[PDB]
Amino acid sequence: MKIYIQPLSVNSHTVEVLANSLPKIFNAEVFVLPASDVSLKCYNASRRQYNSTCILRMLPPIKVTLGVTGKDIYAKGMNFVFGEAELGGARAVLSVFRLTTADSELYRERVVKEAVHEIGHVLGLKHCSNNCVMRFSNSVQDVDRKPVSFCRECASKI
C-alpha cells in the first residue's frame, strides 16, 4: 500500500504532520505531492465553502490518494464535512478547517485522527460504533473524544 498526499491550499506544517505519522499507522509508504491551490471550480461563492465531492473528483484516482485542504468544505445536505472518501475506492479528501486550534498538540491529534478515518474508509471500513477512530464525529468535540486507534474488529478487517 502507498499513500499519496496532495496538498491543496493547506500549510506545510499540516502536511508534515501526516507525512510523519501515517507511515507507521498504516505500514505504507507515504509520498507528498507538490502543493497546489484548491480549484475555484469547486468553490461555492454563496456558502463561501468548497464542495468536497468536486475536490475529490479532481484528484487522480490512484489508491490511496488523500487530498488535504485548509479551506472549509461541505457536501450535499451538510452544513460542513470534515472530509469525504470513496468507500473501498481510491481517493479521499480531508479539510483541517474545522479542526484548527491554538493547542498545537491537540490540532496534531485531530488532523491525524481524521486522516486515519478517511483512509480507513478508502480501505473498505464503514462507520463503527466501538471506541474507534472509525466512529462518525458530528463535531470536533466528538473528534476529540474518539481514539486515533482502530478497535480490534476494524483492525482485523484491514
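Throughout, we count residues from 1 along the sequence that is shown.
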{"property": "Segment of higher mean CA temperature factor, 47-55 or 127-135", "result": "47-55"}
{"property": "33-41 set against 65-73, stretch whose average Cα temperature factor tops the other in the entry", "result": "33-41"}
{"property": "Of the residues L99, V116, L94, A28, the one carrying the largest Cα B-factor as recorded", "result": "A28"}
{"property": "Out of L18, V143, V148, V10, highest CA B-factor residue", "result": "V10"}
{"property": "Ranked against its chain, the third holding the CA B-factor of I158", "result": "highest"}
